[PDB]
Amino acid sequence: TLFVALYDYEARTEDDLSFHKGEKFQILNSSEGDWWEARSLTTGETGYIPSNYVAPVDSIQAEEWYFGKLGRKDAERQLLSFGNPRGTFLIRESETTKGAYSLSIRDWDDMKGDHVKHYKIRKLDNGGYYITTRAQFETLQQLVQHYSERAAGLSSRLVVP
């Protein structure tokens, strides 16, 4: 598995690699602990890096529309920021049920003005992810790919992260 950087980091030591968010790496050694020996695929250089600054190249963690444990209110402030169009969205963890997620979208209703909708994304122990309309996806990336092409039940189609 390759890894990708989620934040910009200024090489501390000389044995420390310096890097920008978005850079990929191959893990040479990950046994000493919080710091890992790695090889940048952009420069080919070798050196250490904080393990909590990167995530697997396929993980949800590094997708840009995923905001881990964000709060309803927090995501509502984030999405409603001037400039964000209708369909802007984000996915966080469920604040109510353990092991599920919430798809938060910025939408425009006639009665309500400009607002946010929050749909729960359920999961089957031995099946896929699905939202209330009951169509499942093996992956949350697929799920997103899908509602990006067409609303298909949701109030709005997925536009921008």
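Numbers for residues come from their place in the sequence shown, where the first is 1.
Engineer: Between 92-100 and 126-134, which has the higher average C-alpha B-factor in the PDB entry?
Structural biologist: Going by the record's values, the stretch with the higher mean is 92-100.
Engineer: Highest mean C-alpha temperature factor of the two stretches 146-154 and 11-19, which is it?
Structural biologist: Result of the comparison: 11-19.
Engineer: Quiz for you: based on the deposited Cα B-factor, which of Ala38, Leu70, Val54, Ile121 is highest?
Structural biologist: In the PDB entry, the greatest C-alpha B-factor among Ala38, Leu70, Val54, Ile121 is found at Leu70.
Engineer: Quiz for you: based on the deposited Cα B-factor, which of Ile49, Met111, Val116, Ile27 is highest?
Structural biologist: The record points to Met111.
Engineer: Quick check on the deposited entry: does the C-alpha B-factor of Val160 sit in the lowest, middle or highest third of its chain?
Structural biologist: Top third by C-alpha B-factor.
Engineer: Could you look up the Cα B-factor of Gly83 in the entry and say which third of the chain it sits in: lowest, middle or highest?
Structural biologist: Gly83: CA B-factor falls in the highest third of its chain.
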